[PDB]
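Asker: One structure, pasted below without further comment.
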Amino acid sequence: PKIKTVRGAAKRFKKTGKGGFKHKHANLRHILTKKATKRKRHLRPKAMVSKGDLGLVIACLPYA
Amino acid sequence: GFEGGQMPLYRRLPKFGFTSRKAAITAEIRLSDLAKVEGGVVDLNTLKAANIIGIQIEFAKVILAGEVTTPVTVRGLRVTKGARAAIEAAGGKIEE
Amino acid sequence: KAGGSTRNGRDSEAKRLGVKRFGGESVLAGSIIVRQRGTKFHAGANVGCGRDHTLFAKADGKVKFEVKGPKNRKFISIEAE
Amino acid sequence: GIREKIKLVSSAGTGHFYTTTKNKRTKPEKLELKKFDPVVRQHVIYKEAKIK
RNA sequence: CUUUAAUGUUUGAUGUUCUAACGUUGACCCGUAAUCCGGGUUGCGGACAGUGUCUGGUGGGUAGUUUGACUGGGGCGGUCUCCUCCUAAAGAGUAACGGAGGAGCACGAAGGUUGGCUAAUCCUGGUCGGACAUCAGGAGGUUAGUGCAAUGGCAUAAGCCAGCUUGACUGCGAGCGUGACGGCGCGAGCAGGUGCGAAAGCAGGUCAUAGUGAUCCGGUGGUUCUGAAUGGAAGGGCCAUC
RNA sequence: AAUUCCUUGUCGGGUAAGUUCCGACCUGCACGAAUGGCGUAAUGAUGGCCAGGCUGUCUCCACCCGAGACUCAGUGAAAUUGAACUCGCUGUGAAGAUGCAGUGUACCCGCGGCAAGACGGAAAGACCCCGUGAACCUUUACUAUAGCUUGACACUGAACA
RNA sequence: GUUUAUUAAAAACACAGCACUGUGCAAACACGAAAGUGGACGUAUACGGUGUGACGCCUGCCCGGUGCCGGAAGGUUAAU
RNA sequence: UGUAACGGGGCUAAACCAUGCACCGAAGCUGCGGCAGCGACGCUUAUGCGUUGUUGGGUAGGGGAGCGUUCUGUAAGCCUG
RNA sequence: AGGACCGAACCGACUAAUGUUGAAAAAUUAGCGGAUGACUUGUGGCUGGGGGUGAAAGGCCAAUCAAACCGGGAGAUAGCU
RNA sequence: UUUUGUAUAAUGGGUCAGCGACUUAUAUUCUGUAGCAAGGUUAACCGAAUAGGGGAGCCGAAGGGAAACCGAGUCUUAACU
RNA sequence: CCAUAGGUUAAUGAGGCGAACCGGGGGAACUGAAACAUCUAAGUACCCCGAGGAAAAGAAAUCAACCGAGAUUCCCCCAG
Ligand SMILES: [Mg+2]
Ligand SMILES: [Mg+2]
Ligand SMILES: [Mg+2]
Ligand SMILES: [Mg+2]
Ligand SMILES: [Mg+2]
Ligand SMILES: [Mg+2]
Ligand SMILES: [Mg+2]
Ligand SMILES: [Mg+2]
Ligand SMILES: [Mg+2]
Ligand SMILES: [Mg+2]
Ligand SMILES: [Mg+2]
Ligand SMILES: [Mg+2]
Ligand SMILES: [Mg+2]
Ligand SMILES: [Mg+2]
Ligand SMILES: [Mg+2]
Ligand SMILES: [Mg+2]
Ligand SMILES: [Mg+2]
Ligand SMILES: [Mg+2]
Ligand SMILES: [Mg+2]
Ligand SMILES: [Mg+2]
Ligand SMILES: [Mg+2]
Ligand SMILES: [Mg+2]
Ligand SMILES: [Mg+2]
Ligand SMILES: [Mg+2]
Ligand SMILES: [Mg+2]
Ligand SMILES: [Mg+2]
Ligand SMILES: [Mg+2]
Ligand SMILES: [Mg+2]
Ligand SMILES: [Mg+2]
Ligand SMILES: [Mg+2]
Ligand SMILES: [Mg+2]
Ligand SMILES: [Mg+2]
Ligand SMILES: [Mg+2]
Ligand SMILES: [Mg+2]
Ligand SMILES: [Mg+2]
Ligand SMILES: [Mg+2]
Ligand SMILES: [Mg+2]
Ligand SMILES: [Mg+2]
Ligand SMILES: [Mg+2]
Ligand SMILES: [Mg+2]
Ligand SMILES: [Mg+2]
Ligand SMILES: [Mg+2]
Ligand SMILES: [Mg+2]
Ligand SMILES: [Mg+2]
Ligand SMILES: [Mg+2]
Ligand SMILES: [Mg+2]
Ligand SMILES: [Mg+2]
Ligand SMILES: [Mg+2]
Ligand SMILES: [Mg+2]
Ligand SMILES: [Mg+2]
Ligand SMILES: [Mg+2]
Ligand SMILES: [Mg+2]
Ligand SMILES: [Mg+2]
Ligand SMILES: [Mg+2]
Ligand SMILES: [Mg+2]
Ligand SMILES: [Mg+2]
Ligand SMILES: [Mg+2]
Ligand SMILES: [Mg+2]
Ligand SMILES: [Mg+2]
Ligand SMILES: [Mg+2]
Ligand SMILES: [Mg+2]
Ligand SMILES: [Mg+2]
Ligand SMILES: [Mg+2]
Ligand SMILES: [Mg+2]
Ligand SMILES: [Mg+2]
Ligand SMILES: [Mg+2]
Ligand SMILES: [Mg+2]
Ligand SMILES: [Mg+2]
Ligand SMILES: [Mg+2]
Ligand SMILES: [Mg+2]
Ligand SMILES: [Mg+2]
Ligand SMILES: [Mg+2]
Ligand SMILES: [Mg+2]
Ligand SMILES: [Mg+2]
Ligand SMILES: [Mg+2]
Ligand SMILES: [Mg+2]
């Protein structure tokens, strides 16, 4: 049978041009008045998935 | 994604975005695909007859990728700037 | 004969302070030289002092440790390179 | 944690707001600060509103 | 208009009686050769009761399950996150139910800037006034102070007074530090607009290091980004925030 | 005390001597009045103590009678078992040795006996811990629920106040 | 008298008796999706449950907690 | 339990201290012969051939190369009274 | 007369010894309790598994019971050997 | 076999013979190999039929952004040195 | 009272068995979630009823998207 996609990781990760994955940062959903604006400003843009955790993502997202 | 009982990465991280239904019915076209049609005119029904974009597609852009060596009338499609220059240099006539 | 305890179990995490680039060591502008609590060192030429008394390079070049002033305080400067 | 949280609403008509805390017991009078509004790109007086 | 009566219906509430629903594990007759049942007469009850759907309470009567780990064996006791010092062997880091202490905030000024200032303690003299208030001089030289624990800093003061103020700005960020990762931290400089200062300049919170909580779900404001025939809308997305 | 930890409480009786027994005291760790209190004749294959009789229970065993055991003839198992050319000691060593080291001792093989060792045989320890195991049971653990109960609507109507 | 057939025969269970409490008869209760049946072809001197356990002398104080019973003025409160 | 605190016998050195020359002593090193791996270099590679160094203990585990078995094709072939 | 007495049948099972690969998957021997009663026994019937029954030991329900047996889900699952 | 570690007096095996445990299916990725190559490839099905047809489709040659959209650029931002 | 219920004759048919497939009425739990209750397992196993050689469904109060298609069933894609 076909492999089934982990639908949470499909809602959390997107494959880039060379095969890397972009993702949203954490810590930007609530509790936001005590955090510095510099921290939030460095949390708005999407970041790349690291080399260590890139294997678990590919295992969860077999169909790109 | 099981990390022991540690909270896995696909749940530490937040969901984002939504899915555009219009993107599934949009398509992009090479300049090299413009010669594969017949009649020298390029429509949606011509590209679908040439099996390029697919049946359910309703919108298409032409992008500077590849190169064309023949004058082709483009009708009812968006064209990028570099594809507009390459089509008009090869003799094309972009219209609506 | 069971009993006891230990009110003294705690400690904090190691903050990884110290000198990140030593003398005669070519750095880029913005490179952290020293992380420290106080001003155990002081900022000399082409060296800025951070919010937490962190010494960073404002320019590019070699690190120079030197002792100046009447108090014999230790200054860090960036030589040109 | 008696120091409750509020918001500093722009008086420029925009719904832009800064969020912060105050002791409403010791500072009963309302907070008004002149802050930057990035929509209008001017410094405008903000006034205290509820954090909601 | 205000204030209530008349007549009547729209009608609810509690009685009052009734019979025709319904009940009869009352009597009698027939099916019948039958203590079931059904039909019939009659009597009693009577819209009660009782059943169906919905609903609130009760409900170990029954059922499915949960009831943490470390641990000089387990339980009991204590502990579980964060900061500081020692252990830690002169870079970083480094364990034990090892030795000792703190935090789960505060501040619209206790922030920014400009200007100025410099302590603790003791000695002598001196109204109430005393070991110790305030005042003057002298020694001393930070033994003081730092909103709070400890350590490292602090006189160019980061300590203390006063004036004006809101940079406790928004978008970014070369380059580094630190982590397995999630993440955390420092940051010159750039664009805009601002405050103090004559000006050079400083300011993207506080002398620094604790003062914290992922995701999901949901709420509020803004934004046509999307909008399942089309136009809107709902809902979703993004930004801020709870 | 079927309850008393301290406790073999103290005193008395009984015995040469009595942590038990019986009777008192009360200082009841922590009795107590229908999850009954205190008595109580009779009963009990009931529990504790004492005495008389009796006796191999014993001092301390002796002999005898029979059934096996032993020998012959016939039939003929079993548990167990890595392989065995299967000694002692002191030491060593996965920390208690037939098997290692050193040394001592010992011709080869049976039969009747004993049971000190082979950490002997039997039963994947029941104790203990663990497992994000199971079962049953409990309750003011959680979530449900049968059941009981409340009311609304329906079956369900007519009059009068 | 009874009991752990196969390590426990007892001080354990039962017992006659006592008390509390429910039950008015289509009884309560119990087995049954229900019809029905037992109770009982009985009718409160009866039946069920609970505790105690011949007999003799007795059974003292507490209703605050938890239950149960009774109340219906007020507060709160479901579907509708 | 049996000497039982040099391994024993035994030793007045066959003990200790100092110095010296010998020798024994390992699967170490060297010699001779043989196999394989990986690198050099050159050939003129037939894609492997001289020389050349060096390497070759190994569990979990990773990589490479093989033996043998049954069956199908080759096979109405070959072997076999 | 008697849930009276002694004591065989009969019912039971208090003590000891044997036996424990037994004669026997609970028995024999010597003693023991009840023995006209809440007795015992024959035949047939009824009650069914979260159920029965129980003078109540979690006892018994075909040598099996803190939820029988048989078949099926089913190759349950087993971070354990 | 399990172990830091077993002659271990830790496990297992009386012996022999026979059987006895990393498979299969479909997806996916990587390596090798072979075919074509900016293209490659068909599935169903037809077909007497392992041919040929069939290019529904799939992957790739373009990405960025949540998205509209833009496009070798794009996003962020009023705008980026 | 008629009548009806009921009774009796007569005719026709059914009943029961059987492998799988089919439609329907009921309907688990172990397990997985590294616990578990929502969820899953799974409308699975199982029980019951009925039918045929196949059954079921079936001739648009259907899709579509301003162009159009034209009952039902089945296979490959769409697409994990
Ligand atoms: Mg948000
Ligand atoms: Mg956790
Ligand atoms: Mg329970
Ligand atoms: Mg534990
Ligand atoms: Mg203990
Ligand atoms: Mg160090
Ligand atoms: Mg060191
Ligand atoms: Mg301050
Ligand atoms: Mg100054
Ligand atoms: Mg004075
Ligand atoms: Mg300050
Ligand atoms: Mg501070
Ligand atoms: Mg959640
Ligand atoms: Mg729109
Ligand atoms: Mg619309
Ligand atoms: Mg007591
Ligand atoms: Mg005592
Ligand atoms: Mg005495
Ligand atoms: Mg005695
Ligand atoms: Mg006495
Ligand atoms: Mg008592
Ligand atoms: Mg009482
Ligand atoms: Mg009693
Ligand atoms: Mg013989
Ligand atoms: Mg044998
Ligand atoms: Mg020994
Ligand atoms: Mg012998
Ligand atoms: Mg022996
Ligand atoms: Mg013997
Ligand atoms: Mg043994
Ligand atoms: Mg075991
Ligand atoms: Mg008796
Ligand atoms: Mg008996
Ligand atoms: Mg017994
Ligand atoms: Mg007995
Ligand atoms: Mg009845
Ligand atoms: Mg009693
Ligand atoms: Mg009383
Ligand atoms: Mg009361
Ligand atoms: Mg009440
Ligand atoms: Mg109420
Ligand atoms: Mg010499
Ligand atoms: Mg040699
Ligand atoms: Mg060698
Ligand atoms: Mg050689
Ligand atoms: Mg070697
Ligand atoms: Mg090797
Ligand atoms: Mg290996
Ligand atoms: Mg062959
Ligand atoms: Mg008698
Ligand atoms: Mg007898
Ligand atoms: Mg008798
Ligand atoms: Mg018990
Ligand atoms: Mg049995
Ligand atoms: Mg059962
Ligand atoms: Mg069970
Ligand atoms: Mg299953
Ligand atoms: Mg199994
Ligand atoms: Mg083994
Ligand atoms: Mg072990
Ligand atoms: Mg090992
Ligand atoms: Mg061990
Ligand atoms: Mg050894
Ligand atoms: Mg041995
Ligand atoms: Mg062994
Ligand atoms: Mg073991
Ligand atoms: Mg064995
Ligand atoms: Mg074999
Ligand atoms: Mg594969
Ligand atoms: Mg390939
Ligand atoms: Mg760019
Ligand atoms: Mg389940
Ligand atoms: Mg379960
Ligand atoms: Mg699970
Ligand atoms: Mg049909
Ligand atoms: Mg039309």
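Ordering of the structure tokens sets the chain letters (A, B, ...); residue numbers start at 1 within each chain; ligands are numbered from 1 in the order shown.
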Write out as a PDB file with C-alpha atoms (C1' of nucleotides), in the first residue's frame each polymer residue whose atoms come within 12 Å of residue 57 in chain I, counting only C-alpha atoms (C1' of nucleotides); drop sequence neighbours fewer than 3 positions from it.

Answerer:
```pdb
ATOM      1  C1'   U G   2     -22.784 -26.465  59.874  1.00  0.00           C
ATOM      2  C1'   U G   3     -18.093 -25.345  57.245  1.00  0.00           C
ATOM      3  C1'   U G   4     -12.690 -24.505  53.656  1.00  0.00           C
ATOM      4  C1'   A G   8      -7.622 -25.066  58.970  1.00  0.00           C
ATOM      5  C1'   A G   9     -13.984 -28.555  62.401  1.00  0.00           C
ATOM      6  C1'   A G  12     -15.902 -19.219  62.706  1.00  0.00           C
ATOM      7  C1'   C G  13     -21.522 -19.866  60.379  1.00  0.00           C
TER       8        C G  13
ATOM      9  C1'   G I  54     -24.072 -21.295  49.261  1.00  0.00           C
ATOM     10  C1'   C I  60     -18.932 -25.820  45.099  1.00  0.00           C
TER      11        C I  60
END
```

Asker: Show me which residues are within 10 Å of ligand 31 counting only C-alpha atoms (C1' of nucleotides) and all ligand atoms, and format the list as a list in words.

Answerer: residues 124 and 125 of chain F; 81 of chain I

Asker: Since we have the selection now, will you write its residues out, keeping N, CA and C atoms (P, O5', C5', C4', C3', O3' and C1' of nucleotides), as a PDB file, in the first residue's frame?

Answerer:
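Saved the output as out-v4.pdb:
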```pdb
ATOM      1  P     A F 124       8.723 -25.544  35.596  1.00  0.00           P
ATOM      2  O5'   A F 124       9.609 -24.288  36.000  1.00  0.00           O
ATOM      3  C5'   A F 124      10.320 -23.585  34.990  1.00  0.00           C
ATOM      4  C4'   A F 124      11.151 -22.453  35.520  1.00  0.00           C
ATOM      5  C3'   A F 124      10.347 -21.233  35.942  1.00  0.00           C
ATOM      6  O3'   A F 124      11.039 -20.523  36.963  1.00  0.00           O
ATOM      7  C1'   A F 124      11.734 -20.646  34.153  1.00  0.00           C
ATOM      8  P     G F 125      10.229 -19.552  37.945  1.00  0.00           P
ATOM      9  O5'   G F 125      11.280 -19.162  39.063  1.00  0.00           O
ATOM     10  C5'   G F 125      11.494 -20.008  40.181  1.00  0.00           C
ATOM     11  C4'   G F 125      10.656 -19.624  41.369  1.00  0.00           C
ATOM     12  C3'   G F 125      10.084 -18.220  41.334  1.00  0.00           C
ATOM     13  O3'   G F 125       8.812 -18.225  41.957  1.00  0.00           O
ATOM     14  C1'   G F 125      11.409 -18.462  43.246  1.00  0.00           C
TER      15        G F 125
ATOM     16  P     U I  81      15.328  -9.017  28.524  1.00  0.00           P
ATOM     17  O5'   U I  81      15.166 -10.591  28.414  1.00  0.00           O
ATOM     18  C5'   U I  81      15.508 -11.379  29.529  1.00  0.00           C
ATOM     19  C4'   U I  81      15.106 -12.823  29.405  1.00  0.00           C
ATOM     20  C3'   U I  81      15.822 -13.638  28.360  1.00  0.00           C
ATOM     21  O3'   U I  81      17.156 -13.941  28.699  1.00  0.00           O
ATOM     22  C1'   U I  81      13.554 -14.229  28.394  1.00  0.00           C
TER      23        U I  81
END
```

Asker: Would you name the residues within 8 Å of ligand 60, counting only C-alpha atoms (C1' of nucleotides) and all ligand atoms, and put them as a list in words?

Answerer: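 Listing the residues within 8 Å of ligand 60 gives residues 2, 3 and 10 of chain J.
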
Asker: Quick check, in Å to one decimal: how far apart do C1' of residue 119 in chain E and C1' of residue 145 in chain E lie?

Answerer: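 We find that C1' of residue 119 in chain E and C1' of residue 145 in chain E lie 7.3 Å from each other.
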
Asker: Would you mind listing, as a ChimeraX atom specification, all residues of chain D that have at least one atom within 10 Å of chain J, where only C-alpha atoms (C1' of nucleotides) are what counts?

Answerer: /D:38-41

Asker: Mind listing the residues within 12 Å of ligand 25, only C-alpha atoms (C1' of nucleotides) and all ligand atoms counted, as a VMD selection string?

Answerer: (chain F and resid 77 to 81) or (chain J and resid 14)

Asker: Can you list, as a ChimeraX atom specification, every protein, DNA or RNA residue that comes within 12 Å of residue 136 in chain F when you count only C-alpha atoms (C1' of nucleotides), leaving out same-chain residues fewer than 5 positions away?

Answerer: /I:50,58,66-67

Asker: So that I can see what lies close to residue 55 in chain E, please list as a ChimeraX atom specification the residues with an atom at most 12 Å from it, counting only C-alpha atoms (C1' of nucleotides) and leaving out residues fewer than 6 positions away in the same chain.

Answerer: /F:150-153 /G:78-80

Asker: Only N, CA and C atoms (P, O5', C5', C4', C3', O3' and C1' of nucleotides), please: the residues just picked out, written as a PDB file, in the first residue's frame.

Answerer:
```
ATOM      1  P     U F 150     -41.499  10.999  40.905  1.00  0.00           P
ATOM      2  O5'   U F 150     -40.863  12.360  40.385  1.00  0.00           O
ATOM      3  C5'   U F 150     -40.507  13.377  41.302  1.00  0.00           C
ATOM      4  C4'   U F 150     -39.944  14.597  40.621  1.00  0.00           C
ATOM      5  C3'   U F 150     -40.751  15.135  39.462  1.00  0.00           C
ATOM      6  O3'   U F 150     -41.896  15.856  39.851  1.00  0.00           O
ATOM      7  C1'   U F 150     -38.461  15.199  38.931  1.00  0.00           C
ATOM      8  P     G F 151     -43.276  15.624  39.079  1.00  0.00           P
ATOM      9  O5'   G F 151     -43.138  16.587  37.828  1.00  0.00           O
ATOM     10  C5'   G F 151     -43.162  17.989  37.985  1.00  0.00           C
ATOM     11  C4'   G F 151     -42.406  18.664  36.874  1.00  0.00           C
ATOM     12  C3'   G F 151     -43.037  18.548  35.500  1.00  0.00           C
ATOM     13  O3'   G F 151     -44.065  19.495  35.291  1.00  0.00           O
ATOM     14  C1'   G F 151     -40.753  18.014  35.350  1.00  0.00           C
ATOM     15  P     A F 152     -45.239  19.195  34.242  1.00  0.00           P
ATOM     16  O5'   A F 152     -44.598  19.470  32.815  1.00  0.00           O
ATOM     17  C5'   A F 152     -44.176  20.769  32.443  1.00  0.00           C
ATOM     18  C4'   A F 152     -43.534  20.771  31.079  1.00  0.00           C
ATOM     19  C3'   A F 152     -44.350  20.124  29.978  1.00  0.00           C
ATOM     20  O3'   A F 152     -45.347  20.976  29.455  1.00  0.00           O
ATOM     21  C1'   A F 152     -42.155  19.307  29.878  1.00  0.00           C
ATOM     22  P     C F 153     -46.835  20.422  29.256  1.00  0.00           P
ATOM     23  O5'   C F 153     -46.767  19.682  27.853  1.00  0.00           O
ATOM     24  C5'   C F 153     -46.220  20.339  26.723  1.00  0.00           C
ATOM     25  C4'   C F 153     -45.769  19.369  25.661  1.00  0.00           C
ATOM     26  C3'   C F 153     -46.765  18.303  25.255  1.00  0.00           C
ATOM     27  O3'   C F 153     -47.817  18.754  24.430  1.00  0.00           O
ATOM     28  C1'   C F 153     -44.655  17.328  25.501  1.00  0.00           C
TER      29        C F 153
ATOM     30  P     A G  78     -31.438  26.375  34.820  1.00  0.00           P
ATOM     31  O5'   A G  78     -31.778  24.943  34.231  1.00  0.00           O
ATOM     32  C5'   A G  78     -30.729  24.070  33.869  1.00  0.00           C
ATOM     33  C4'   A G  78     -31.247  22.802  33.260  1.00  0.00           C
ATOM     34  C3'   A G  78     -32.204  23.012  32.114  1.00  0.00           C
ATOM     35  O3'   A G  78     -31.532  23.308  30.912  1.00  0.00           O
ATOM     36  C1'   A G  78     -33.040  21.341  33.540  1.00  0.00           C
ATOM     37  P     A G  79     -32.186  24.288  29.833  1.00  0.00           P
ATOM     38  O5'   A G  79     -33.111  23.302  29.009  1.00  0.00           O
ATOM     39  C5'   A G  79     -32.538  22.219  28.307  1.00  0.00           C
ATOM     40  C4'   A G  79     -33.552  21.138  28.070  1.00  0.00           C
ATOM     41  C3'   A G  79     -34.738  21.574  27.238  1.00  0.00           C
ATOM     42  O3'   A G  79     -34.487  21.475  25.855  1.00  0.00           O
ATOM     43  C1'   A G  79     -35.507  20.480  29.175  1.00  0.00           C
ATOM     44  P     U G  80     -34.688  22.751  24.911  1.00  0.00           P
ATOM     45  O5'   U G  80     -36.201  23.163  25.157  1.00  0.00           O
ATOM     46  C5'   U G  80     -37.251  22.296  24.776  1.00  0.00           C
ATOM     47  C4'   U G  80     -38.549  22.658  25.450  1.00  0.00           C
ATOM     48  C3'   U G  80     -39.115  24.005  25.041  1.00  0.00           C
ATOM     49  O3'   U G  80     -39.817  23.963  23.816  1.00  0.00           O
ATOM     50  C1'   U G  80     -39.204  23.809  27.382  1.00  0.00           C
TER      51        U G  80
END
```

Asker: List as a list in words the protein and nucleic acid residues lying within 10 Å of ligand 23, with only C-alpha atoms (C1' of nucleotides) and all ligand atoms counted.

Answerer: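 Checked against 10 Å with only C-alpha atoms (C1' of nucleotides) and all ligand atoms; the hits are residues 34, 36 and 37 of chain F; 52 and 53 of chain G.
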
Asker: One number please: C1' of residue 23 in chain J to atom 1 (Mg, counted along the ligand's line) of ligand 70, in Å, one decimal.

Answerer: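 Distance between the two atoms: 24.4 Å.
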
Asker: Dump as an NGL selection string the residues of chain B that approach chain J to within 8 Å, counting only C-alpha atoms (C1' of nucleotides).

Answerer: :B and (16-20 or 63-65 or 80)

Asker: Output the neighbourhood of ligand 29 as a PDB file with N, CA and C atoms (P, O5', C5', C4', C3', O3' and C1' of nucleotides), in the first residue's frame, that is, all protein and nucleic acid residues with some atom at most 9 Å from the ligand, counting only C-alpha atoms (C1' of nucleotides) and all ligand atoms.

Answerer:
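And here is the file that came out, out27.pdb:
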```pdb
ATOM      1  P     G F 113      21.351 -53.426  52.143  1.00  0.00           P
ATOM      2  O5'   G F 113      21.818 -52.662  53.449  1.00  0.00           O
ATOM      3  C5'   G F 113      22.219 -51.315  53.354  1.00  0.00           C
ATOM      4  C4'   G F 113      23.064 -50.890  54.518  1.00  0.00           C
ATOM      5  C3'   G F 113      23.075 -49.401  54.803  1.00  0.00           C
ATOM      6  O3'   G F 113      21.966 -48.982  55.563  1.00  0.00           O
ATOM      7  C1'   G F 113      25.279 -50.199  54.748  1.00  0.00           C
ATOM      8  P     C F 114      21.140 -47.689  55.122  1.00  0.00           P
ATOM      9  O5'   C F 114      22.052 -46.492  55.617  1.00  0.00           O
ATOM     10  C5'   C F 114      22.423 -46.415  56.980  1.00  0.00           C
ATOM     11  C4'   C F 114      23.392 -45.294  57.239  1.00  0.00           C
ATOM     12  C3'   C F 114      23.000 -43.962  56.647  1.00  0.00           C
ATOM     13  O3'   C F 114      22.103 -43.247  57.463  1.00  0.00           O
ATOM     14  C1'   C F 114      25.273 -44.391  56.202  1.00  0.00           C
ATOM     15  P     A F 115      20.925 -42.407  56.791  1.00  0.00           P
ATOM     16  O5'   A F 115      21.727 -41.188  56.171  1.00  0.00           O
ATOM     17  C5'   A F 115      22.359 -40.236  57.005  1.00  0.00           C
ATOM     18  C4'   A F 115      23.467 -39.530  56.272  1.00  0.00           C
ATOM     19  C3'   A F 115      23.024 -38.342  55.441  1.00  0.00           C
ATOM     20  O3'   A F 115      24.040 -37.350  55.406  1.00  0.00           O
ATOM     21  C1'   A F 115      23.964 -39.990  54.031  1.00  0.00           C
TER      22        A F 115
END
```

Asker: Write down as an NGL selection string the residues of chain B whose backbone DSSP state falls under alpha helix (DSSP H).

Answerer: :B and (9-12 or 44-49 or 81-89)

Asker: If you run DSSP on the backbone here, which positions in chain C get strand (DSSP E)? Please write them as a PyMOL selection string.

Answerer: chain C and resi 18-19+26-27+32-35+42-43+47-49+55-57+61-68+73-79
